[PDB]
Structure formats: structure tokens, C-alpha cells
Amino acid sequence: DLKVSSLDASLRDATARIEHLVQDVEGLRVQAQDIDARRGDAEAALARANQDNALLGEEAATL
Amino acid sequence: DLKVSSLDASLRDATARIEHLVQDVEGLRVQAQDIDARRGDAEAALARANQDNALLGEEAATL
Amino acid sequence: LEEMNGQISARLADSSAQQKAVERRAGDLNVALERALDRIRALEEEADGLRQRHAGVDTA
Amino acid sequence: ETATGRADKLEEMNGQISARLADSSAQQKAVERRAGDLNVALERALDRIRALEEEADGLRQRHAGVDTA
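- For this coordinate set, the PDB header names cryo-EM as the determination method and states a resolution of 5.8 Å.

- As recorded in the PDB entry, chain D goes by Crescentin and comes from Caulobacter vibrioides.
- Listed in the archive, the entry goes by the title "Cryo-EM structure of crescentin filaments (wildtype, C2 symmetry and large box)".

- Chain A has the name Crescentin in the PDB entry, where Caulobacter vibrioides is given as its organism.

Next comes the structure, spelled out in C-alpha cells:
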């Protein structure tokens, strides 16, 4: 009866961490793509002005 | 002993499944942070260029 | 000068990136306590039934 | 000439908003201390959780033996 008892520990526990860390898994998953919202427009912003500094360089030519 | 058997299923149900999601999670945690630092190099690079924008700018103003 | 432009960038690169990191780990560390904190007393509360079921039997 | 002007502007903002960076980093350091205390609490809570596991083990043995009795 010790056997049934003592071995009852992890199964409840491991599920808990299964219940615990998986929730974190999808939780910290979308965390990555959340940044992707900030990345793309910035990527445009980088693209928006990287070409324009030479355009500024080109405006600098108007000198 | 049925329980001594029916306990075994979960201990392999969980551990393997908990042997599953983990190595993903830090691996997933590793990649995006590896991604994110790259973001700061270029995102800020826009600013320092725009810092150089004013350079040509106050050059575009003086002289 | 530009070196401090390097340096202010060096801080800008340092401060913002460590800023981009510190809370993100802290946030994980932020959410961390409660789940421990819950199971800190969750096991404690179920520890009562371990103590609860014991006593009467020893009386018996 | 242009070096003089563009610099002067450069040192000025570099100074003030660099100190700004220092200050914002300082609040970030306060967050760092919070996170570290959170962390050490996490390990100590986990150790208490383990000790709870063995203690409940013991409770189970002192349940079972007296059941036998």
C-alpha cells in the first residue's frame, strides 16, 4: 500500500507542471510574435529612412 | 496491482510529455531572445542614421 | 564626441537591450511567485487532509 | 565651423539624454532587484514544496501503519 501511495506523488505533480509549464509554453510563444507587431512597422521605418538618408544625401547634393 | 499498473501509464504519460515540451521551451526562449537582440542593432541603427540625418541637416542649414 | 555618440549608443544599446531583457525575465519571475505561492499553500492545504485523516485513525 | 556647431549640439544632447539613459537604467536596476528577490523566493518555495512532498510521505506512512494496527 506504500507502493500505491508514494507513487501517487509525481503523477499529480508532473501533470501540474504539465498544467503549469505548457500554459507558459503557449504563453511565451505568442510573446515572440507580439514583438513581430513592433518589428514589421519598424522594419518599414528602417526601410523608410535608410533609403532617404541617401535621399538626404541626394538632397545634400542640392548643395 | 491494477493501480500499480494503472499508475504506470501517467508516469510515462507525463514524464515523456514533460520530457517533451521542456527542451522546446528554453529552445524557444533561446531563439526569440537571439532574435530580439538583432532587433535592437537595426532598430537603433535607424536612430543613429537619423542622428546623421540632422548632420546633413544642420549641414543642410549652415554652410 | 562620436565616441560618446558611440558611448551614448553604447549605453543606448546596453540600456535599452538590457531594458528589453530585464523585465522580460522579471515578468517571468513576476508571474513565477504566485504559481509557487499557490502551490506553497495548495500542498499545505492538502497537507491538512494528510494530517486530518491521520488523527481519528490514531484515536481509533 | 560645421564641426563646431554640429558637435556643440552633439555634446549637449548626448550629455542630457545619456544621463536620462542612466536614470531609466536605474529604474531597470530596481526591477532587477525585484526580479532577483522574486527568483530567490522561487527557489526557496520550490524547496519548501519538496520538503512538503516528503512530509506528506511521512504522513502517509503514519496513516497506513496505524490502519494496519
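### Topic: the overall build of chain A
And step 1. A count of helices and strands for chain A gives 2 helices and 0 strands.
And step 2. What you see for chain A is a C-alpha radius of gyration of 27 Å, clearly larger than the 11 Å of a compact globule of 63 residues, by over 25%.
And step 3. Each of the three principal axes of chain A carries a C-alpha extent, and together these read 90 × 10 × 5 Å.
And step 4. Put simply, chain A has 63 residues, and 19% of those count as buried.
And step 5. In the structure as shown, chain A presents an accessible area of about 4200 Å², 58% of it carried by carbon and sulfur atoms.
And step 6. Across chain A, the mean location of the 7 positive side-chain charges is 8 Å away from that of the 13 negative side-chain charges.

### Some words on a negative patch on the surface
And step 1. A cluster of acidic residues, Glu58(B), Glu2(C), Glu3(C), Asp8(D), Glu11(D) and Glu12(D), forms a negative patch at the surface.
And step 2. With respect to the helices, strands and loops of the structure, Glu2(C) is situated in helix 1 (residues 2–59).
And step 3. Exposure remark for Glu2(C): the relative accessible area of 54% places this residue in the exposed category.

### A look at unusual backbone geometry
And step 1. We note that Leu63(B) has phi near 70°; this positive angle belongs to a residue other than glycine.
And step 2. Relative to the assigned elements, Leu63(B) resides in the segment after helix 1 (2–61).

### With respect to the side chain of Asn14(D)
And step 1. Residue position: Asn14(D) is located in helix 1 (residues 2–68).
And step 2. A polar contact is formed between the side chain of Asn14(D) and the side chain of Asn5(C), at a distance of 3.1 Å.
And step 3. Apart from residues lying up to four places away in sequence, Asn14(D) is in contact with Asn5(C) and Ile8(C).

So, how was this worked out
- Residues numbered from 1 in each chain as written, not as in the entry; some residues may be left out.
- Chains lettered and ligands numbered in written order.
- Part of a larger assembly, values for the part shown.
- Heavy atoms only, no water.
- Helix = DSSP H or I, 4+ residues; strand = E, 2+ residues; numbered from the N terminus.
- Rg over C-alpha atoms; globule rule 2.2 N^0.38 Å.
- Buried < 20%, exposed > 50% of the residue type's maximum accessible area, 1.4 Å probe, protein only.
- Areas by Shrake-Rupley, 256 points an atom, 1.4 Å probe, with all protein chains shown as cover.
- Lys, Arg positive; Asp, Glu negative; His and termini not counted.
- Charge placed at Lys NZ, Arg CZ, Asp CG, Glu CD.
- Patch = residues over 30% accessible without salt bridge, like charges linked within 9 Å, V, L, I, M, F, W, Y side chains within 5 Å.
- Salt bridge = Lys/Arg side-chain N within 4 Å of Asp/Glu carboxyl O.
- Polar contact = N/O pair within 3.5 Å; in protein donor to acceptor, adjacent residues only side chain to side chain.
- Contact = heavy atoms within 4.5 Å.

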